[PDB]
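Only one chain is included here, represented as structure tokens and corresponding to the form deposited in one PDB entry.
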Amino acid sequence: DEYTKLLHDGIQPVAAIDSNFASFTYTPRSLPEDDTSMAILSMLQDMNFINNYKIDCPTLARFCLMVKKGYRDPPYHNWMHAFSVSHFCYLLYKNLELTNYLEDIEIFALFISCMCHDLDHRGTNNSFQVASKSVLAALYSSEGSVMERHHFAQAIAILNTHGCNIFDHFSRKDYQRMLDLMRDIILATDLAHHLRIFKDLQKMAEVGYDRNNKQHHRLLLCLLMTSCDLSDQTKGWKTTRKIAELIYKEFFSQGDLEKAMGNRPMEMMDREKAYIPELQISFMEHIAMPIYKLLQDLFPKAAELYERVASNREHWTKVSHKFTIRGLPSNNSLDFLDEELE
């Protein structure tokens, strides 16, 4: 039983999970899925949020289980994505020393937002609102349908479930503050939102981060959230390769249906038009690398993250020069590439 087992698991120290658990080299997708709820509790305890906010541990256990259950099983947008995004939030706390830059409550909200940010994703994305089917239209678009309102609504539905409100003992002001933070942070996972605020993020990085500037706190939270969402690109080759398989398996299931029903899919969802290495390069150069470059500009200790993403972009570039990979094979695996690179 998940609940009894999670109650019996108490709250472990992070040293009981792995000595590298707080390292940027750690791959949280290596952790067995049955141990991830325990790891969530361990991270919250290690960041001192359980004690400092007087969180009821049974209520938190139930909350964690409800959030996990609120994910479906498409290839990419599942609980293991939310878990690995949440783990990266913890890595930023530990390695960038976020308490020196943000309030305790903003960091707590960021972590809970990471857990909840893709709730009830069904492996479909019809959000781009572009007339072209080109990947470039998608990579530049700053408007869309905002699916992220639903993810937030699912989070609030969990909090409004009897026995699951981890914040119900908060003051009315702190309760509203937490929910407003969750809304803003979850809405920030929309790439259209990121593209709307990009110029303001650049301006912040140019002038320098001001810990006394409240607009800078807002912008930084958005940047950190997107950096958590894309953190699979900051690990090694095997992670970026595996995640590309998942992203495109998910995309192609949508696109295959759209094509079958006589509709034009986005080109990145059309297995006949989607050159995966080239698409990965484009996403990394347009979206991911600039995010981690901004992060490095604000936090010199984040330099290794940018350099990992850049290294992974160069791996995909080598792949693109040696292979023409249009769509995915019938088994959805490009794992032969691991031996090709070394």
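Residues carry their position along the shown sequence, with the first being 1. Definition used throughout: the rigid core is the maximal C-alpha set that superposes within 1.5 Å between two forms.
There is another form of this protein, the form deposited in another entry, and it is not shown here; the text below is about that form.
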Fill in the blank from the handout: Among 80, 197, 179, 146, the C-alpha that moves by 2 angstroms or more between the shown form and the other one, rigid core fixed, is that of 146
Exercise for the section: Kindly check if the Cα atom of residue 95 is displaced 2 angstroms or more between the shown form and the other one relative to the superposed rigid core. Expected result: no
Practice task
Align both forms on the core first, then report whether residue 156 has a C-alpha shift of 2 Å or more between the shown form and the other one.
Solution key: no
Exercise for the section: Indicate whether residue 230 shows a C-alpha shift of 2 Å or more between the shown form and the other one, with the rigid core used for the fit. Expected result: no
Fill in the blank from the handout: With a difference of at least 3 Å, the CA distance of residue 145 and residue 189 in the other form shows the atoms closer
Practice task
Regarding residue 197 and residue 133, go with closer or farther for their CA spacing in the other form versus this form, the difference being 3 Å or more.
Solution key: farther
